[PDB]
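Written below as structure tokens is the structure these notes are about.
2 protein chains.
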Amino acid sequence: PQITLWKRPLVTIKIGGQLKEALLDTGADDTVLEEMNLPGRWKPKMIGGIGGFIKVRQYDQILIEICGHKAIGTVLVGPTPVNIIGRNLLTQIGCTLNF
Amino acid sequence: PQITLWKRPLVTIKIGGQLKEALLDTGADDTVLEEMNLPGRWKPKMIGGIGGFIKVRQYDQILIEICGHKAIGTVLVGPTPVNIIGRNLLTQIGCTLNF
Ligand SMILES: COC(=O)N[C@H](C(=O)N[C@@H](Cc1ccccc1)C[C@H](O)[C@H](Cc1ccccc1)NC(=O)O[C@H]1CO[C@H]2OCC[C@H]21)C(C)(C)C
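Line order of the protein sequences matches chains B and A.
Residue numbers for the first sequence follow the deposited numbering, so the first one is 1 and each next one is one higher.
Residue numbers for the second sequence follow the deposited numbering, so the first one is 1 and each next one is one higher.
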């Protein structure tokens, strides 16, 4: 679909079999989801944005369905204020910016 | 034009008589630019990213040209690591997400 930006570009995602709302974020290198339980091994990591760094758990090769499009890639889980879908997964679903 | 998300969507902007590189950020409500001495009145504001909040200066009705497309709105100035074009200006240039 084509999504305008008058409102936050929020979509429903499915991850670990659970539905959630997330922000399609061209300004995020990585995908960062609020605290949740996910199956599989994980490594501690840290990521920075505006305001400083947060500590996250990095899950690799996680299945996630974004607005009906499947992706398999790295998902960071931590105390992010909003679920954000970053470029590592936006590229997989074929998302582009257009004007 | 169309912009893929393999790399950060960095483009040239023109503001206050200067050329800069900035990030087209669908995950940003607001536009935040690296420290610069714009003329005119401003008001203090605080904006939050994933790591917390920073102090910025809010300038209103500022013209920014983004890839030849003009937009006029509120521009925040403060200690951000990257020039960020947010939805308040991306809407004015007819920018959409497409997949
Ligand atoms: C309403 O609040 C807002 O709109 N705040 C805006 C904001 O911060 N939005 C966040 C999400 C958010 C956070 C908090 C509340 C609501 C939404 C997403 C945004 O695109 C940032 C931009 C950014 C790129 C590079 C370095 C620092 C920042 N990207 C990011 O933090 O990405 C992370 C993840 O991936 C990594 O790559 C880049 C840095 C890493 C802003 C106006 C301050 C800019």
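All C-beta atoms, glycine included, are put in the ideal place defined by N, C-alpha and C.
Within 8 Å: the Cβ of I50(B) and any heavy atom of ligand 3? Ligands displayed in this structure: ligand 1; ligand 3 is not among them.
For a test of the three-state rule: what should DSSP assign to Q92(A), helix, strand or coil? helix
Sort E35(A), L19(A), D29(A) by Cα distance to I47(A) and report the nearest one. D29(A)
Beta-carbon separation of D25(B) and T96(A) under 9 Å? no
Report yes if the C-beta distance between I13(A) and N83(A) is below 9 Å; otherwise report no. yes
Beta-carbon separation (whole angstroms), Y59(B) vs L89(B), contact threshold 8 Å: In fact, because the Cβ distance is near 12 Å, the residues do not count as touching under 8 Å.
Could you tell me the boundaries of the beta strand (DSSP E) in which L38(B) lies? Neither: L38(B) is in no beta strand (DSSP E) and is coded neither H nor E.
Pick out whichever of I15(A), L5(A), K43(A) has its Cα sitting closest to the Cα of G68(A). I15(A)
Less than 9 Å separating the beta-carbons of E34(A) and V77(A)? yes
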